[PDB]
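J.: Please find the sequence and an experimentally derived structure below.
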There are 12 protein chains.
Amino acid sequence: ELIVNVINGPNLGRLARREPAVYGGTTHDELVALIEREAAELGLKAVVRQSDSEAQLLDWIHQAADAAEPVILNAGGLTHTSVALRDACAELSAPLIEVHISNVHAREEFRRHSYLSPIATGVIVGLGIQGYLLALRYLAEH
Amino acid sequence: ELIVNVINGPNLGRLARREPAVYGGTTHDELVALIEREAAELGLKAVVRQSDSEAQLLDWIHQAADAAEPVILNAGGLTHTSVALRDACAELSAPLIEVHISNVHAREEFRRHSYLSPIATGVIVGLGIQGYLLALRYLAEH
Amino acid sequence: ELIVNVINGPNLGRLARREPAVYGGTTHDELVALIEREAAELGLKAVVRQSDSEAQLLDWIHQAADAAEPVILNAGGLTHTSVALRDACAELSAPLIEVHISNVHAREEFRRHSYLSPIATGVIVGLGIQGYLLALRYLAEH
Amino acid sequence: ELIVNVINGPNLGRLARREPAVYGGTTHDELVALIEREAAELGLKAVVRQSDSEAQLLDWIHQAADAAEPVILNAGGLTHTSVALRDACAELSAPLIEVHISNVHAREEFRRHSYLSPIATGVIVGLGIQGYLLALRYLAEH
Amino acid sequence: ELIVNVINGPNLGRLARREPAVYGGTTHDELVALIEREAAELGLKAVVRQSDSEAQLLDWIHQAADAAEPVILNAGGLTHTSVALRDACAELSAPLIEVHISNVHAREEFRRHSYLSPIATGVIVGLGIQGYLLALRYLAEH
Amino acid sequence: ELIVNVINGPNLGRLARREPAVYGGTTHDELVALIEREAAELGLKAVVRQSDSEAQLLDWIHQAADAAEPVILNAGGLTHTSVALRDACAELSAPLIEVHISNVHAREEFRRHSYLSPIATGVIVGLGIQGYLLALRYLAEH
Amino acid sequence: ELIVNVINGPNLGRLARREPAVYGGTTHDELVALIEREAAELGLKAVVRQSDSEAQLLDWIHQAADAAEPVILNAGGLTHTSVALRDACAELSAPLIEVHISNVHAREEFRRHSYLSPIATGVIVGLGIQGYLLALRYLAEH
Amino acid sequence: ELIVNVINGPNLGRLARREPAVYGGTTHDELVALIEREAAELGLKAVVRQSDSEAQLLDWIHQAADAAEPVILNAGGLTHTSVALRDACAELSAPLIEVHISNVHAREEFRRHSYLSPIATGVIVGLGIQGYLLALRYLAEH
Amino acid sequence: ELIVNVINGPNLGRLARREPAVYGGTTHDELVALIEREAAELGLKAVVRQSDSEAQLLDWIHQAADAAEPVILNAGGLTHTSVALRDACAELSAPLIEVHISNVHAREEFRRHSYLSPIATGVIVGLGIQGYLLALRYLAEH
Amino acid sequence: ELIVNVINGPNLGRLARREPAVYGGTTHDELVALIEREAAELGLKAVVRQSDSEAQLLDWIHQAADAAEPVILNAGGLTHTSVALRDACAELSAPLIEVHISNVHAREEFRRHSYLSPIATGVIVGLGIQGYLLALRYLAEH
Amino acid sequence: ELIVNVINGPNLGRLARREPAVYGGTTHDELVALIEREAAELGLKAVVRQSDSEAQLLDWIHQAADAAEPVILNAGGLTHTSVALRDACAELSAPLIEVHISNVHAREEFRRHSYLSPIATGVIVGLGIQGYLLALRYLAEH
Amino acid sequence: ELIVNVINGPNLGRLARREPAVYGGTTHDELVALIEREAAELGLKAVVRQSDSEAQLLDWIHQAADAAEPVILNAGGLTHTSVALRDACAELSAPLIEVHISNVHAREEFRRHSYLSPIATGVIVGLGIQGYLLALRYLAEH
Ligand SMILES: O=C(O)c1cc(O)c(O)c(Oc2cccc([N+](=O)[O-])c2)c1
Ligand SMILES: O=C(O)c1cc(O)c(O)c(Oc2cccc([N+](=O)[O-])c2)c1
Ligand SMILES: O=C(O)c1cc(O)c(O)c(Oc2cccc([N+](=O)[O-])c2)c1
Ligand SMILES: O=C(O)c1cc(O)c(O)c(Oc2cccc([N+](=O)[O-])c2)c1
Ligand SMILES: O=C(O)c1cc(O)c(O)c(Oc2cccc([N+](=O)[O-])c2)c1
Ligand SMILES: O=C(O)c1cc(O)c(O)c(Oc2cccc([N+](=O)[O-])c2)c1
Ligand SMILES: O=C(O)c1cc(O)c(O)c(Oc2cccc([N+](=O)[O-])c2)c1
Ligand SMILES: O=C(O)c1cc(O)c(O)c(Oc2cccc([N+](=O)[O-])c2)c1
Ligand SMILES: O=C(O)c1cc(O)c(O)c(Oc2cccc([N+](=O)[O-])c2)c1
Ligand SMILES: O=C(O)c1cc(O)c(O)c(Oc2cccc([N+](=O)[O-])c2)c1
Ligand SMILES: O=C(O)c1cc(O)c(O)c(Oc2cccc([N+](=O)[O-])c2)c1
Ligand SMILES: O=C(O)c1cc(O)c(O)c(Oc2cccc([N+](=O)[O-])c2)c1
Ligand SMILES: [Cl-]
Ligand SMILES: [Cl-]
Ligand SMILES: [Cl-]
Ligand SMILES: [Cl-]
Ligand SMILES: [Cl-]
Ligand SMILES: [Cl-]
């Protein structure tokens, strides 16, 4: 606060228009609108970005580390697979909240391990799109 | 909503007055006050209970299943150990949110498995006492 | 024989009125009636008890060990989790039959390990409420 | 009911005359007599067969699937080892009960995994020869 | 080529008339017709055999090793369980293709290990009955 | 059919000119020619693409999901490592066939696990370059 | 010192009168006498309690944490199973000694893992009833 | 002694004429001649049989158990896979020696586990055809 | 020699200016200067590149394979995670040395497995920035 | 009693003068003095030896087995690694107590397995130098 | 042949006079006599040595490698634990036979892994003292 | 610097004259010459010792700890097996570099775990004899 970095990884540009049983009927742009409006009332700025590239995501983390600005991260598949991501996050001085739209713990046994959690401030899973909004509100207090 | 069952398990009566490095400087009673005030503004009732007994906790879940009222659960150690708890929760018709005050994923490798998660709606870990408050607010929307 | 201890653990007071896809449409009291009537014709006494408390169950086992009277045990979740139970049973001089209402082997991989089996006389799973009745009838022969 | 297929696998022709510490002093033929007499009073027909051949056993299962007649199976060693058996059973429309004469759970750790259980109706272990008789009686109710 | 050995293991005589959700509505004989007709146009002979016996299958492999003729193998359950089979195949001078009608990788975790694959030329799973036909056509090129 | 998406992942631009013990003496362009000619006679269009980038591959899958057009995927190393890929594929409405040029099961034990298989229609491994051609022909039937 | 909390868990009220091959011919009350007399000569007070309830034990630990008084713990089965216990102990400011009457390491492989050890001062196993007495004497020095 | 049962399992009829890198250039019949001649000088009878059928092998073991005559067993693949075999052997009153022609411990990691060893008198691996002859000579002493 | 490819992966552009407890106070550019000066005296050319992109790194390896020029690789997180990298390296005709700035073996247990090592010439870990310089000097001899 | 063999393994000659955070400020010779004085009052003889050689230690055990005299063993690293030691101890007719100066269970996960425990009378860990003294006193009773 | 190195490891000097349930009533010297007499008739020299020291054993292997003379090895505990031994043996040009007096496979699960087997010619276990004699006789043929 | 302890473990006296495929054609003495000459130019003293005894090696480490002089360690097999070594090294105040002549990571899966690495400064594997020389040069800088 004021500035709050919201980051989505691979596939998360496909929200709503594809799925929506599993990650909900809300499109990406609509999500940016949701976050931006909730940051308004909270008196925060939400810089909300999405990418299907690990190097892009990496860069955004690098920048957040530098600017010492907090992050909210939905890294998609890279959550379970990337050590490069984890280690970039590890550097962040500001809090990092890990967010999952679906409950990870009620799926394939592999989706239950996370490289991000151990170095996150805390995690939200399965509360859907609202996970982002609840994460925001946390940061506005701390 | 209106009625929201908030449940803490073993040891969680010792909040603040003991620790507070790990689970924070906020006492139990103060937590009940926090929750009760946040439920006020939200237009919910928070029935917040704590017990060091598995049979007691079981009973409270039974009642919540019956009344079809939502639960927020910080089951302490029973999270990693009790199948009896998990299965009582499994019955709940209303949403169940699993809450951890400390980040479970940044501790002993054993604290990372949960019998509750797979059948929870979703989970919050490491956001501290606020985890309860963010959980509440979820339920008020859904 | 004559005296046969029938014991149910956690959650098993909720039979029929809750579930009944998984553990059947038969309530607890109705089960006591079923057992008591089958013991009648067999010329046995069925002392059938249920508790959601490990210390209670423990006590009933202690008493059965002392009285050297047989046990039929549906320990619910404690089957997979409690070493305290297992060891109390281990003491029983009389036969112990382990009973599961649902087939344990057709569920979560964790439900397939039992602390009770290795020291039971034998086990019945998935034959539903009748498991108790078939267990009884065994004891009446041996 | 009326027709109930009782099947024993490898080595089970050696009952009583060999062992009898572990699987009891009752010979195979005597077991057929026991089952046939219990089916009499129950008003069932017991077609009780034994083979040391997987292809033979397979064939008998095939036939039972076809005739939609229930099975009681003591598959000996093939219980822990054969996927071919499991899958033939999987096809059966009628209930299948898995029977073990000795308690499997009180022996070598390997004897504790079963390919049959997950797709059985239910299982009986360690109740000795009576396991067959209790299984029968189940089927006569359902 | 010309001569191509097509071999099915346990249960695979039950094709179509039983299942057909999982392994398809095509009967065994119809499959022989399918293969024989595809070998016609390809200018190959298809010797297509099925057995529920490991010793029979073994013998057919022995003969194929001797005649140095290629094999297409759907060994059913023996795929995951038999080292005797694997080792007989290992001897084959000609290519061996492993065929599965259902996708093995989308089922029980145990169905995912194969004793045959490591010493096969290659494998086809989940393409249904056509797996055989595509395997044939391979052999006609190499 | 008509339109069939053929996709190769990392390193697969190096075909023939490098290796060729392991993945064969056929160059990439020659492979496109092979596929394009086989699609000709089949009356299909083969859109055959290769990339060493996960985001690129992701995008091509996204497009195929959208256009509801089938995919043939040789994802190279990402087969064993990427959950992001798997999940993009999971979305595809049309069949997906997983193709490996080398037999994966006859190499390092790690090359034997696949994130793609469980959600593929079926898989071809070790039939070399022809795997693509046999996959095509499948799709032309279904 | 002066005040030394001695705590036994589940089943440990059955000492001597039941067993005594495994945990010895000495009854509970006799053990209290033994400890109380050894504390006499040492110039300590031994407050020796036993319970079959986890909540009771929990409470006694809570009190010991508060009073900053040392503990000697024979938690029976809860040693291998309870994280709730472990964490209550973790809080104790004073030394905690873990005591086992039987050698845990010469039994079932499961009895060899302890949730208590990692946060104990030290452990005594297999020295029988004397383990308590040797533990006492330690505390009297430190 | 006098009578010594020598048994080979699956594939072992193919000795010499096929392989011979791995299990040696000596044919089966030649092996029978070797054994029969060594039993001559030793003053034993060697009844040497081979089968590719588990039921056949089973039967021969049954007979040996009955006649209380010793066995030398090269069970091929069934060594690593069959519990039915192991248990038939378990019954033998006379010594059983397990024989492997190739060193099992210098091959695939799976070939290193044996169901037979734990209940054998002792084992010989990798000494080639002579393993049989050395086994014989043992029995002639004991 | 003369030409030596030095490659850094993800995050390694952040050297010195960020960290420096763990990977040292030396910036990337300063590292290029260090390497370039050491190659001077050695009579080698150091082409030192860094990228946060797997496809970029892949390309540089491809080129090195082609030019048959040696590589020194600090692949960051991709060391533990990428099979695509490993396999591109596998192709290199020239020696590859794997370099880690921090000791990998004194950190998280996951950082201890490497996809690169098995196909490297050799590895240097924990000797800090000098690892690169010692690697260079190796290549100048061989 | 009278004669009590006290044995230390590798590195344990370095006590006090090196460490002393972990195994305490007490030197070896001082430990011999401590033990010798405690054996005085107890009316025992303490023959206390230390060696960094497995063959030496072996020999001392051999002698103790022969003389049927009890042992107290701090085998250092050989505790977790040597089967030769374990088996020499296994022979001892007299009690063996296993002693660890540091709590083994609060360190590296590998330090938690012991080859000695299963065949010890009992074990003391983490009670520091006093572990030896408490062990002595045990032996003086039994 | 002529010269055959027979080597025993740790504890094996204690044969007969200690045990003899497990490794037999035959003393070491008597074993040397047995071997020396059997080598006589065979026309071999048996150089039979025993040591409780790894460096000694190492040296004897070194010498055997040098002299290219065969070895028979009973390495006691070092069989399951030493890589140093294994690797010294690995060097031997002549055959190495691994000998165990007791059946290793019928004991603790840990005694079943051997560092020696994979690089032995072959192994004998459980044939008692005669294992040595049968090993000798092998070498005299090859 | 000046004084640098170079230590080789078991079998490493056999360098060059035996092997040399795997650890190179350079004899031990020649290695001492190599190291001594490289230390000359560096202005260091190399005290280079080798032993096949764990107690000897232990002693040399003890001395190095005492003298606070750096170590370079090629511990041969003890690398994967000895906790006694690891712990002696752990004490060293000066840097310790772990050196392997062969690439450990390209061999048996067991050779890939090291007790030494976690407490080393850093490690060199597979750079052959030069590993020692590069290690030296490191120490001369730090
Ligand atoms: O936020 C999550 O809970 C989540 C977790 C995962 O493991 C994903 O791969 C993941 O990413 C996907 C994967 C496939 C499709 C979509 N999508 O169509 O929004 C998103 C999201
Ligand atoms: O909410 C959590 O994050 C939490 C997680 C756990 O695994 C606990 O055992 C746990 O319970 C404890 C354990 C020990 C002490 C206290 N306390 O003094 O508040 C609470 C809490
Ligand atoms: O008898 C069984 O097969 C059984 C097995 C289990 O693992 C249970 O947790 C178990 O207990 C439950 C759990 C949840 C709900 C009920 N119930 O509503 O009867 C019973 C029963
Ligand atoms: O019914 C059982 O409990 C049972 C379980 C098993 O794992 C058997 O192998 C098994 O089969 C055997 C094995 C060896 C001997 C006999 N028999 O002499 O009856 C039967 C039976
Ligand atoms: O070809 C396969 O994909 C396949 C794989 C398996 O694991 C089988 O057990 C298997 O065999 C069965 C098993 C049960 C029933 C039938 N069938 O009724 O055709 C076939 C087939
Ligand atoms: O299609 C396969 O069977 C395959 C499987 C893999 O695991 C690959 O990494 C893989 O990709 C590579 C890896 C290295 C080199 C090449 N190439 O020079 O064609 C291709 C291909
Ligand atoms: O102190 C021990 O060594 C001990 C260890 C355990 O794992 C117990 O379950 C345990 O508790 C029991 C269990 C069953 C019976 C009795 N008892 O009759 O004293 C005590 C005691
Ligand atoms: O005696 C052995 O060492 C042995 C061990 C095995 O694991 C076999 O499968 C085995 O059986 C085979 C397998 C394939 C071929 C032959 N054969 O051509 O003699 C024999 C033999
Ligand atoms: O060279 C290494 O020892 C090393 C090993 C790793 O596992 C890395 O992730 C790794 O990459 C990182 C990760 C996070 C931050 C930095 N950095 O600020 O230089 C570099 C480097
Ligand atoms: O008694 C123990 O608790 C103990 C346990 C261990 O695992 C040791 O390696 C061990 O040995 C060491 C190891 C390193 C240094 C010393 N020392 O300087 O006394 C002693 C001692
Ligand atoms: O030859 C064997 O079968 C054998 C196997 C082992 O694992 C031993 O530790 C072993 O060594 C011992 C161990 C303890 C005692 C004796 N002994 O009194 O002859 C010998 C021997
Ligand atoms: O430095 C190494 O890379 C190395 C690694 C190991 O695991 C050894 O056992 C090892 O020791 C041996 C083993 C067998 C033979 C020799 N040698 O003839 O030099 C040396 C050396
Ligand atoms: Cl979580
Ligand atoms: Cl069961
Ligand atoms: Cl596959
Ligand atoms: Cl312990
Ligand atoms: Cl063996
Ligand atoms: Cl390394």
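T.: Received it, and whenever you're ready, just let me know what you need. Residues are numbered from 1 along each chain as shown, chains lettered A, B, ... in the order given. Ligands and ions are numbered 1, 2, ... in the order given.
J.: quick one: contacts for residue A:93?
T.: Counting by CB atoms under 8 Å, 6 or more residues apart in numbering or on different chains, residue A:93 touches A:65, A:68. For every residue, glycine as well, the C-beta is placed using N, CA and C.
J.: Tell me the spacing between it and residue I:107.
T.: Distance of residue A:93 to residue I:107, given as CB to CB, to the nearest Å: 21 Å.
J.: Just say helix, strand or coil for the nearest residue to residue A:25 once chain neighbours are set aside.
T.: Nearest non-adjacent residue to residue A:25, counting by CB to CB, 6 or more residues apart in numbering or on different chains: residue A:16, 5.2 Å away. Following DSSP: H, G, I helix; E, B strand; the rest coil, the label given to residue A:16 is coil.
J.: what residues are up against residue A:16?
T.: Residue A:16 neighbours (CB under 8 Å, 6+ apart): A:24-28, A:30.
J.: switch to 7 Å and redo it
T.: A:24-27 (CB atoms under 7 Å, 6 or more residues apart in numbering or on different chains).
J.: Include secondary structure and neighbour count when you put these into JSON lines, please.
T.: Conversion of the contacts of residue A:16 to JSON lines gives the following (DSSP: H, G, I helix; E, B strand; the rest coil; neighbours: other CB atoms under 10 Å in any protein chain shown):
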{"residue": "A:24", "secondary structure": "coil", "neighbour count": "16"}
{"residue": "A:25", "secondary structure": "coil", "neighbour count": "13"}
{"residue": "A:26", "secondary structure": "coil", "neighbour count": "18"}
{"residue": "A:27", "secondary structure": "coil", "neighbour count": "16"}
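J.: Which of the residues you listed sits closest to chain I?
T.: Of all the contacts of residue A:16, chain I sits closest to residue A:27, with 28.4 Å by CB to the nearest CB.
J.: Write out the residues of chain A neighbouring chain E.
T.: By the rule CB under 7 Å from any CB of the partner chain, no part of chain A lies against chain E.
J.: for chain A, what spans make up the strands?
T.: Applying DSSP state E to chain A gives strands spanning A:3-8, A:45-50, A:71-74, A:96-100, A:122-125.
J.: Tell me which stretches of chain A form helices.
T.: A:28-42, A:54-66, A:78-81, A:83-91, A:130-141 (DSSP state H).
J.: list the buried ones in the first one?
T.: Neighbour counts over helix A:28-42 (16 or more other CB atoms under 10 Å in any protein chain shown) mark A:28, A:31-32, A:34-35, A:38-39, A:42 as buried.
J.: Tell me the one of those residues nearest residue B:59?
T.: residue A:38 (38.1 Å; CB to CB).
J.: burial measure for the spatially closest residue to that closest one that is not a sequence neighbour, as a count.
T.: In this structure, residue A:38 finds its nearest non-sequential neighbour in residue A:133, 5.1 Å apart by CB to CB, 6+ apart. Applying other CB atoms under 10 Å in any protein chain shown, we find 25 other residues in the vicinity of residue A:133.
J.: Tell me which two of the buried residues of helix A:28-42 sit farthest apart.
T.: A:28 and A:42 (20.8 Å).
J.: Now do the contacts for residue A:92.
T.: Counting by CB under 7 Å, 6+ apart, residue A:92 has contacts A:61, A:64-65, A:71.
J.: Quick one, which of those residues are buried?
T.: Using 16+ other CB under 10 Å, the buried ones in these are A:61, A:64-65, A:71.
J.: Please render these as JSON lines that adds distance to residue K:4 to the earlier fields.
T.: Converted to JSON lines, the buried ones among the contacts of residue A:92 look like this (distance: CB to CB, whole Å):
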{"residue": "A:61", "distance to residue K:4": "67"}
{"residue": "A:64", "distance to residue K:4": "72"}
{"residue": "A:65", "distance to residue K:4": "69"}
{"residue": "A:71", "distance to residue K:4": "71"}
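J.: Now for these: which two are most distant?
T.: A:65 and A:71 (9.0 Å).
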